[PDB]
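First comes the structure, then the notes that go with it.
No Cβ is skipped: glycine too gets one built from the backbone with ideal geometry, and neighbour counts run over all protein chains shown. None of the figures in this text is laboratory data; all of them are computed from the coordinates on show.
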Amino acid sequence: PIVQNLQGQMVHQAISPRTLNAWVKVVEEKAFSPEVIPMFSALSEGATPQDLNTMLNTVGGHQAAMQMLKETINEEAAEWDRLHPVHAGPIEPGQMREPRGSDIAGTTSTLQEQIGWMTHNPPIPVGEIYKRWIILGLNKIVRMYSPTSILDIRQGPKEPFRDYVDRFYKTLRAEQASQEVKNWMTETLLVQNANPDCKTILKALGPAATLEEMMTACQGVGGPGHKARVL
Amino acid sequence: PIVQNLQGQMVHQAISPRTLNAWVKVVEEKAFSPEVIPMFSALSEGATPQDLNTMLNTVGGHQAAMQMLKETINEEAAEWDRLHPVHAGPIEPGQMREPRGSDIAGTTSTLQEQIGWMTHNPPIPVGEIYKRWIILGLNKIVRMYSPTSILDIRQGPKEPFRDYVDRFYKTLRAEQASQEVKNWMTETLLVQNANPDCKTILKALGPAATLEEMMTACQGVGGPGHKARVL
Amino acid sequence: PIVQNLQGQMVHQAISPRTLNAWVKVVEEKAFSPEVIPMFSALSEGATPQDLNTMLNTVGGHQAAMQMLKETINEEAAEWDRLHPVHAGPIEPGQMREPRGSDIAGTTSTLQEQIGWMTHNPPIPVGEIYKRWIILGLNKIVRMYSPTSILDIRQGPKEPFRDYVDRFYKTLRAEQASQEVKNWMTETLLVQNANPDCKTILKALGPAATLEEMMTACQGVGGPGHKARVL
Amino acid sequence: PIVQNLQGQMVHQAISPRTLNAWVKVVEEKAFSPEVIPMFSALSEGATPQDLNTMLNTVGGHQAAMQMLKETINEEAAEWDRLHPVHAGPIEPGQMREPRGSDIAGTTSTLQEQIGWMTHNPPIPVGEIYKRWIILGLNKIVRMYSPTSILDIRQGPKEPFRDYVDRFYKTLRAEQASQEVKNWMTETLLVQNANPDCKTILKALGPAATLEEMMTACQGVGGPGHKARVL
Amino acid sequence: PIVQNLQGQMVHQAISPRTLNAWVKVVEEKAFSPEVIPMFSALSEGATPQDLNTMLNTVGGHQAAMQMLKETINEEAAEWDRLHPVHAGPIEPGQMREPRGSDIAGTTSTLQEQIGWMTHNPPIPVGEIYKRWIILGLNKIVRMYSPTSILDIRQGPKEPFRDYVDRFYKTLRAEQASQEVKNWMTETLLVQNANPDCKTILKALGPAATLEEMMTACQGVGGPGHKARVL
Amino acid sequence: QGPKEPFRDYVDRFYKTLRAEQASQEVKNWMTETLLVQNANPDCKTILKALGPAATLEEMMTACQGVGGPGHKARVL
């Protein structure tokens, strides 16, 4: 990344082995889950194109997924130059030029230019432009083996309600939809078939008390709910 | 390393034994493989010849790989040397000697010289030249440490297409083939070495199918393969 | 050690406790071996003759071999006076005093003198001369050892032509072998026990070829699922 | 501990956890090997009398040995007090009062009076004088802890001599014998207690035969490369 | 925490998560013990009341002995109020307000106010005073919970004299008895509670024998005299 | 040769093969140390403990008398 410095000018640093290891733990295991997009955000806060390609490349796992991302963003890269002047500004390495799509994604730019673009004030946001293409590329792999349907979000009869929530957000962030279809279906079927003790205390409290008493309810559910609560 | 390479005054920093112990750990976990090479690059952004000689000599094991790499960087230096004339040194303070191919590899040069050439503005880049040479020798081990080969890889008779096409892509990463060859390879060769059950669906899927549309063929058939995976 | 060596603005700081914990168990557990040598070089950046002398006193394993290492160091430290006698150049330029063999081995020099030598620009480089002498004695000490079971690494008749070859260089890496002895051990161990088809290919190549060539052979010779790929 | 300063007088910094960790490991693993003296002193660089005291309160086992060591310090602080008479009447205004034995022990004296003594002219080594009390006490604990006498160290008939030499030099570390006596032990107990065949060679080589020559005794016995083979 | 040395302005440093973690992890291994204390001193270097509070507040285990410890802090806070007149404003014109029991415990005062008394001439060590109250707290904890004591303990059937002396001293640290009592226990009761055969030979080392003379004697009688050791 | 073997055809095979190569003199000495000595019979290696590195050839060719074999086929006709 680019990292602010105490006494002077901003410094470029290479992405650390801890950071590529922390990322490797995430992506190879969360690949088909919507969960990866904000981890990606957080572990790419200062990131240059070169940092971004380094983060793509150091993954071992899901190599054909990894290509479907690389191919996806080169289409964005081609797309960009359709409306935006090609080779505008200075021809030569080491000057302030206006980046093409394949400059954005660090394919045709050298790192020195990237450093110039990201040290400018306000910064020239090449890596932010590229991260949005990688999020869109990430949406496509997340979709590929994920479920999508509103009737396919599962709800067991004795669960203490939380497991349904924890499935809900990792289902409906795969594909965009209507807020009203997400709300109305919550009400007519999903919550209406949930744990009948849970519904009782919760919808007696209503939209007028905090979820605490509902969440303090439904103790002792199988083996895992019998597990210690005071430790 | 020499740090702060593309930003004003660059300066030297020592390679840490934990950075070295962590390098060797990738090598323990992935053997000699493609996926090593970017971890090598990430830890090689600022590297002097001496950092590079410190990186190969700390490996210890895999000594047939080390010996092959070692002749390839020597064969590369020899070639620099018979192509670019190098004569007798400075006779006065404030003067700089020419690199040899041996100097660039850190055979005959001392670190202080390496610092002078690579901290000059603009630098005389001995670390670049050699790190590339080392990468050539790393790729060349990949050929002689390859699991299977692109023609030999194939789909088991009840094997999911999804498992197959990932390991196929792992396989094509070790392959050094051109891009037009890589294009055919990921289309025809892939479909051909498919099993008879998926091959049909794959022939029906036909010309001009994208990787998005590859990865979604043979879904939802059930049976063996599906234990942890939602249909 | 000095902190900020080669970086100006230098301070002397005390030796780190995790560097000492890593040191004592490395010399204890693994012995005077080829891996010690490049780690000792990486481990001991910025160290003074007090720090390196503090580090030879803290080594608690291999005592007898250490007394031949101490004799060896006391020999170079003596010989340096025989090789480079103090101030036999011009008295006029410069103003430090020229160090004896035993101001380098930290035996007569005070820590202020060593600080001044290593805080000059360019410096008088006491630490690194000391680190060479210890490396040189690490090589003499290594040669005091020879692995049993060099000659028991015999090529497995149906196995690929890799790990036995690998092991044979590894066992013989500090054994100092001759061209004809290396070719003879190659035939004896490797060629004469390998696979029938391979043995014909290897006798046809001859045991005197470089490693990229020996590695190339025997791969894709065999028929359907018999092509001898690395396991 | 004590830390260096580039303008004006020295300053003190917080004690490190990992220093106490390094010290507790080298105390614990072998329960007080002669490894404690170079190691304690490696971690007692710049260590005030209150830091040396913190190092003594780190040892949680061995509370006999630890109080024996405190009563040893108690006799040493006395030794100091007897050697030097206590100032009668008022101390002269200005610079530090001379240190009394328990003040050196860090019990009756504060941190800042230690800073005072070390910045003073001449320097008063309050850290270094108390540190010698500890190390004498640590050798008392190692002497108590030692398994056998250097005059009873001896080996079975087919054990290597070279392994005995090493057992000898491990043995020597805790032994404060005069050097003539130690040279005499080197050339008598090793030479006398070597196996019949090493007696045959050490006679042939003679009285002036080296320690390297001692370790290379019983060499040449086997077949090539430590293996006999029939033609 | 606070550091004053080599800073240009006197403000707070934020507490490390690995500080708190390392403190909790110390309590895991040892419990409230003598053992936590030297690791508490290092992990509470520069500690202000607020930091001290945070370090108390994350302990989740041992919660009766937390209640005894806090009670004991409150108690020396009550003591201090009736100790000397606390000045509610400045003690003299040009000097800070005095700290009473709620100011030392961190309840009425704010972090910069606490930085004030540590950075002030003269300094008032509010956080060390509270650490002492913490040290007194812990000293009551180990004594209520102490499983046996000095006039009930005796040397075992097969217990070495040394490990008896060690096990007495460990008891006698936890036992918070009056000092002339403890001085009678280390002189007379220690001798009296040994093995009886043992006790007769400590009768035989002449009047008032020293701990080193005692430690170097008592041989053959009671528990094991020989100890196997790793060199 | 095997380790207990009487230390005569091996010495013919060594010298004849040396005479075949026509090896350089210095290399013959390194070959002797490398090969001849490290293959020698036990009693022949007692001479290299008794004499150390300064070992003469006549001593070694006068060793190994307690085993059989043909010797040098010395006779008086």
Notebook entry, point to check: Taking every residue in B:37-49, how many Cβ atoms of other protein chains lie within 10 Å of its Cβ, on average?
Noted result: 4
Checklist line | Where trypsin sites (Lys or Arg not before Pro) fall in DSSP loop in segment B:180-231, at most 11 other Cβ within 10 Å | finding: B:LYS227, B:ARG229
Note to self: Roughly how far apart, in whole Å, are the Cα centres of segment B:1-50 and segment A:1-32?
What the structure shows: 15
Next item on the list: Within segment E:6-95, list the trypsin sites (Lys or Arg not before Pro) lying in a DSSP loop whose Cβ has at most 13 other Cβ atoms in a 10 Å radius.
Entry: E:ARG82
Note to self: Test of understanding: in a Gaussian network model of chain D with alpha carbons linked when under 10 Å, which of D:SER109, D:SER41, D:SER16 would top the mean-square fluctuation ranking?
What the structure shows: D:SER16
Next item on the list: Diagonalise the Cα gyration tensor of segment A:189-231 and give the resulting equivalent ellipsoid semi-axes, square root of 5 times each eigenvalue, largest first, whole Å.
Entry: 22, 14, 7
Next item on the list: Just the number, please: Stokes-Einstein D of segment A:1-109 in µm²/s, Kirkwood Rh from C-alpha pairs, 25 °C, 0.890 mPa s.
Entry: 155
Next item on the list: Find how many whole Å separate the alpha carbon centroid of segment E:112-149 from the alpha carbon centroid of segment E:157-174.
Entry: 29
Item checked: Proportion of all alpha-carbon pairs of the protein assembly as shown beyond 53 Å (%) -> 44
Check: With the dipole of chain F worked out from charges on the C-beta (+1 for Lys and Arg, -1 for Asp and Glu) around the Cα centre, which of F:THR46, F:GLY66, F:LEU36 lies farthest toward the positive end?
Finding: F:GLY66
Check: Under a point spin-label approximation (7 Å from Cα along Cα-to-Cβ), what is the A:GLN179-F:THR56 distance to one decimal in nm?
Finding: 11.1
Next item on the list: Using just the alpha carbons, could you tell me how many Å³ per residue the convex hull of segment A:34-178 encloses?
Entry: 150
Check: Taking the Cα-to-Cβ direction at B:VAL3 and at D:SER102 and moving 7 Å from each Cα, how far apart do the two end points lie in nm?
Finding: 4.9
